[PDB]
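To keep things clear, I will list the structure first and then write my remarks on it.
4 protein chains.
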Amino acid sequence: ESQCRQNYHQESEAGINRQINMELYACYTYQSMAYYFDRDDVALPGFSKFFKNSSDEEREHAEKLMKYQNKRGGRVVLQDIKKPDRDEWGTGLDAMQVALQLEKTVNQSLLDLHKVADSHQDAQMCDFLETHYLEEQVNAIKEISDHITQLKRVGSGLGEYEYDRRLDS
Amino acid sequence: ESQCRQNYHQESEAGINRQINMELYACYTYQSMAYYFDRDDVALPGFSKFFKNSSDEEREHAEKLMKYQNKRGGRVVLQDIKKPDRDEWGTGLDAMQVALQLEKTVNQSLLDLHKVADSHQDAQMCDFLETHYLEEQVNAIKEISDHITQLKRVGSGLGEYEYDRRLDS
Amino acid sequence: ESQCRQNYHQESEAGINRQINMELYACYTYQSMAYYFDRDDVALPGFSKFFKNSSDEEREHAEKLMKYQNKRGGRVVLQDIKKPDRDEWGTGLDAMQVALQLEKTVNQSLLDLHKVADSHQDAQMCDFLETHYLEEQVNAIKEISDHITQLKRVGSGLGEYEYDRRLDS
Amino acid sequence: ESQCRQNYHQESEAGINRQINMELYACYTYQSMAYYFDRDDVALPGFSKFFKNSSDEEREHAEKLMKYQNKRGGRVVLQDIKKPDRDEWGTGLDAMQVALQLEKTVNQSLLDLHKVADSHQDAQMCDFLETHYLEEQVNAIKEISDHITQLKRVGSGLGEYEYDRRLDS
Ligand SMILES: [Mg+2]
Ligand SMILES: [Mg+2]
Ligand SMILES: [Mg+2]
Ligand SMILES: [Mg+2]
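Protein chains in written order, with PDB author numbering: chain A, 2 to 170; chain B, 2 to 170; chain C, 2 to 170; chain D, 2 to 170.
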């Protein structure tokens, strides 16, 4: 047992490892979207930039959990990063819709993880998740939802082009 | 009853006073370590600096709880500050090992205090402890644990000298 | 067929996708090493920094190939990122030794890929690999080899500590 | 024979002269497009700017080959610059489509020229073409392909106007 470990349940430790893989899964999916929008037959560089940035942030989310695992004296155990669900992601609206459901899946996983920590009276881990993950997901879900609504507003063709400009600017 | 007081249980108030004395106890122990390493027959000025800084921070932890007691309308009641457990603290590794167990004792006390506040639905006090005390203890326990591991790595003699340089720099 | 595509053989396109997954595999392995050295019972922050930086660079190598695939009109096809070969990586010397063999495996893969492009007279892809991948691997293999030799020179304990300082500085 | 000349085959020298005329042919065609889009009944100043810049760059490509011919001790032999294939170039999309096929024709010519140099083991000329011509063509073909895809996305009328703004900005 780690000389660090205190009030840290084995279930919370395993849930951290589960969340780490989920953050990496999201990172990989956003990276796929980024280079899908970089295809010559898609050519939406603002959408590409938005999902590239989303992918970098998910990588940061994963590493912060890796750091936290070690802080508490748990042990990082990594698993395969599953390839994304699709190879092509359709229109800008299609990809934002996928991104919304992905962010909500990550949020549900974090809420489940918070329930685990709370069930073991892990007050510090609960605050860590609230501060560094739960607030971010609410903001990210609202932001993408706004993108979806705007993308439906502007429609296909020129509208998608104009919104890509917004994401590039 | 204080014109301030609201949702503040007498047990939470008494637990704050208990934590105050514990923070002061840690302050005094680190101060002892600081001037132990300043002995001419010990002569480890980086270890001295590290524990001097640790002592100043524990004094700050105590005062912030004193401030918080008044914010909530509780009343600060001070007790004797017990002299440290030892007069001499051995090697740099020995003192870090003591520091780890002290920090874990402070952390257990804070976790107990958090359970008291939570049992009385004192949501604000719980957040105060999480934000200003529980995160710090996890970081401090990890930092000292890293020091212990490095101090075992470098060994006695020149190794202890070199790590003292690191702490001085 | 992509409106871009010219002098780009399907085998070269598939080899790019193979190299992409290999770069991501190396990225993941270095990330594992980074947080292994961040364990409280390992506590080698310079080694951690070196492999964190190595992981970021491998991620960049992957994305540049993703970009190149699209430039030529090929289509990025991603596969699972296999978890690293180990969960723990031993001493600093052990991890550098693993890193050397990983870099040589990546280099062999790139040399094979270069042979594929050259067999199809893909002069531009050959230059792209030479400029952005083959030179880097020779430099990276020499750098890690120097680390291994120095790590054997300094030995275990204090020596490993001192070399960690070098990597942190 | 030039006092410079070394490992420079007469076929490579003649191929350089062929490429020079082709670069000048592209320069002239882009210049035509530039002033077509400057017509009062076309009035697309961003498209005009894009093709003006393309024309200047093709002129630079030609001169660098002229310089290279002399460096190797070959002799520049110029031929008529054939007038462009059309006098009017249609919509912005039409002109980008022509530009794509022109760039691919230049790229095929360069690949053929590279095969000539490589067949005579002219390693330096091969590197010169790879470094200064083959990479540029891949980037230029991808860029124009992205323009075509975006121009189809935005459609005629206002869409063409908006993309002209992008090219002007
Ligand atoms: Mg995330
Ligand atoms: Mg304290
Ligand atoms: Mg690489
Ligand atoms: Mg040219």
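Every residue, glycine too, gets a C-beta built ideally from N, C-alpha and C.
So which residues of chain C does residue i contact, with C-beta pairs closer than 7 angstroms?
i, result
"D41 of chain A", "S3, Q4, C5, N71 and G74"
"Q151 of chain B", "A44 and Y162"
Taking 9 angstroms as the CB-CB cut-off, is residue i touching chain A?
i, result
"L159 of chain D", "yes"
"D95 of chain D", "no"
"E64 of chain C", "yes"
"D88 of chain C", "yes"
"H115 of chain B", "yes"
"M67 of chain C", "yes"
"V99 of chain C", "no"
"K83 of chain C", "yes"
What does a CB cutoff of less than 7 angstroms around residue i pick up in its chain, not counting 5 residues either side in sequence?
i, result
"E89 of chain C", "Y37"
"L111 of chain B", "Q20, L130, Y134, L135 and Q138"
"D41 of chain B", "none"
"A27 of chain B", "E59, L103 and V107"
"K83 of chain B", "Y26"
"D169 of chain B", "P46, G47 and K50"
Can you list, in chain order, the residues of its chain with a C-beta nearer than 6 angstroms to that of residue i? Leave out the 5 residues immediately preceding and following it.
i, result
"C5 of chain B", "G74"
"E14 of chain D", "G75"
"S3 of chain A", "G74"
"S55 of chain A", "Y31"
"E161 of chain A", "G93"
"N18 of chain A", "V78"
Say whether chain B places a C-beta atom closer than 9 angstroms to the C-beta of residue i.
i, result
"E131 of chain C", "no"
"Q32 of chain A", "no"
Say whether chain D places a C-beta atom closer than 9 angstroms to the C-beta of residue i.
i, result
"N18 of chain C", "no"
"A118 of chain C", "no"
"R167 of chain A", "no"
Is the closest heavy atom of ligand 2 to the C-beta of residue i under 8 angstroms?
i, result
"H133 of chain A", "no"
"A15 of chain B", "no"
Flag residue i as yes when its Cβ comes closer than 8 angstroms to any non-hydrogen atom of ligand 3, and as no otherwise.
i, result
"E64 of chain C", "no"
"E58 of chain C", "yes"
"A27 of chain C", "yes"
Along chain A, in chain order, which residues have C-beta atoms closer than 9 angstroms to that of residue i?
i, result
"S170 of chain D", "Result: empty, since nearest Cβ-Cβ is about 10 angstroms, beyond 9 angstroms."
Whose Cβ in chain A lies nearer than 7 angstroms to the Cβ of residue i?
i, result
"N54 of chain B", "Simply none; closest approach about 20 angstroms."
"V139 of chain B", "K72, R73 and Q125"
"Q80 of chain C", "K84"
Within 8 angstroms: the Cβ of residue i and any heavy atom of ligand 4?
i, result
"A44 of chain D", "no"
"residue 250 of chain A", "The displayed coordinates of chain A run from 2 to 170. Any statement about residue 250 of chain A would go beyond what the structure contains."
"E24 of chain A", "no"
Given that residue i touches chain C, what residues does it touch there, using C-beta distances under 9 angstroms?
i, result
"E136 of chain D", "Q125, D128, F129 and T132"
Along chain B, in chain order, which residues have C-beta atoms closer than 7 angstroms to that of residue i?
i, result
"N8 of chain A", "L112"
Would you say residue i faces chain C, with C-beta separation under 9 angstroms as the test?
i, result
"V155 of chain B", "yes"
"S13 of chain D", "no"
"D147 of chain B", "yes"
"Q109 of chain D", "yes"
"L103 of chain D", "no"
Could you check if residue i belongs to the surroundings of ligand 1, using beta carbon to heavy atom distance under 8 angstroms?
i, result
"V107 of chain A", "yes"
"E144 of chain A", "no"
With a threshold of 8 angstroms on Cβ separation, who are the neighbours of residue i within its own chain once the five nearest residues in sequence on each side are excluded?
i, result
"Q11 of chain B", "none"
"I149 of chain C", "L94, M97, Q98 and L101"
"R166 of chain B", "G47"
"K53 of chain A", "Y31, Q32 and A35"
"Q122 of chain A", "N8"
"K116 of chain C", "none"
Since residue i meets chain A, which of its residues come closer than 8 angstroms, beta carbon to beta carbon?
i, result
"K143 of chain D", "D41"
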